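Trainee: Can you look at this? It's an experimental structure, sequence on top.
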Protein chains: 2
Amino acid sequence: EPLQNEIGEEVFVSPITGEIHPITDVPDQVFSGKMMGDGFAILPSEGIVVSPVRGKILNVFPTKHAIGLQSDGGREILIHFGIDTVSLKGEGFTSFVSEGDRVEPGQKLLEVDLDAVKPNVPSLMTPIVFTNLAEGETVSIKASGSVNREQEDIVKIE
Amino acid sequence: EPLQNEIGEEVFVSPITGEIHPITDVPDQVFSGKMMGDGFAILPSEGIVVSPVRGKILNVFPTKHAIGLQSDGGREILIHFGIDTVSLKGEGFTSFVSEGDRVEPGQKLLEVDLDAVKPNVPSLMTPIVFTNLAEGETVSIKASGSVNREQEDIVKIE
């Protein structure tokens, strides 16, 4: 099951193209305060979201702006596109996966019409939250600046 | 420390006047899906928020729309006023407490100008989330219909 790289780490690829930020930069304390878990964020420049891991879809929000996944290695991840986006009721969001789907890295999960979304939210910053980390595990960003969808080795869980 | 009633339960009073709802009725899956914890919600009819317990303030969000508290008995509670309210940047919210303050039931924590807020959010539904419940503890609503600030015995942790 678990997909591991040449260093025997589980593969974790950038799910979105844009700029990588520490989780402390999300301008919403539910996320910067790590209330659901540690993680990182990406300010997107394209509105396509792809799977960062080989794993399974656990939950697709009704508004299609956030997706929950679990990697073959057991980490649960939530990707929530944008800040305060449930207000949009789904408008501008398309889903390409269903709950229980099995996904491979780079497989498309969602597509966002940024021009329809941008004007209506306070920030397009998108948190990537690890929701079941072990006691003592922290997230660290390895990449810096712009990242592209499918780029590996962008963060580390230490 | 712990404040207990005639049944030896820790005192938990309604922090807001309005209508009590199960946590499944909040129209935002981060909350209805219990991602930060189990709880309940109130649809406010007045914009005053008071302490539901004797305890301590842990965190006052910068926008002043959500407050984190811990009861003398050790339960951590987050009260987040409204849905997608960080977008308002604080406008319409007044705070009357600081982090580390000690609070008594009914003590005022916040005041919200509903008319300034209502038009700008998708719902005024306010979740009350218990963020450190034990393995197996669930929240149950006892009250039904309208509740007023300071009314006891509105929910049960079983």
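Mentor: Thanks, I have it. Numbering: from 1, shown residues only, chains lettered A, B, ... in the order given.
Trainee: mind listing what the host helix or strand of residue A:77 pairs with, with the direction of each?
Mentor: Residue A:77 is part of strand A:76-80, with elements assigned from DSSP states H and E. Strand pairing for strand A:76-80, determined by DSSP bridges: strand A:66-71 (antiparallel), strand A:126-130 (antiparallel).
Trainee: Quick check: which of these is buried the most?
Mentor: strand A:126-130 (a mean of 25; mean count of other CB atoms under 10 Å in any protein chain shown). C-beta coordinates here come from the backbone N, C-alpha and C atoms, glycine included.
Trainee: Packing partners of the very next helix or strand once past that one?
Mentor: Later in the chain than strand A:126-130, the nearest helix or strand by DSSP H and E is strand A:139-141. When contacts are defined as 3 or more CB pairs under 8 Å, 6 or more residues apart in numbering or on different chains; DSSP states H and E, strand A:139-141 packs onto strand A:18-22, strand A:38-44, strand A:155-157.
Trainee: other SSEs contacting the shortest one?
Mentor: Applying 3+ CB pairs under 8 Å, 6+ apart, one finds that strand A:155-157 makes contact with strand A:139-141.
Trainee: Give me the contact list for the strand it packs on.
Mentor: A:20-23, A:38-40, A:130, A:133, A:154-158 (CB atoms under 8 Å, 6 or more residues apart in numbering or on different chains).
Trainee: Can you flag the buried ones in the residues you listed?
Mentor: The neighbour-count test (16 or more other CB atoms under 10 Å in any protein chain shown) marks A:20-21, A:23, A:39-40, A:130, A:133, A:154-155, A:157 as buried among the contacts of strand A:139-141.
Trainee: could you dump those residues to a markdown table with distance to residue A:122?
Mentor: Putting those into a markdown table (distance: CB to CB, whole Å) gives the following:
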| residue | distance to residue A:122 |
| --- | --- |
| A:20 | 20 |
| A:21 | 15 |
| A:23 | 17 |
| A:39 | 19 |
| A:40 | 19 |
| A:130 | 24 |
| A:133 | 27 |
| A:154 | 25 |
| A:155 | 25 |
| A:157 | 29 |
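Trainee: Let me see the contact set for the closest residue to chain B within chain A.
Mentor: Across chain A, no residue is closer to chain B than residue A:84, which sits at 3.8 Å (CB to the nearest CB). Residue A:84 is in contact with A:28, A:121-122, B:84, B:86-87, counting by CB under 8 Å, 6+ apart.
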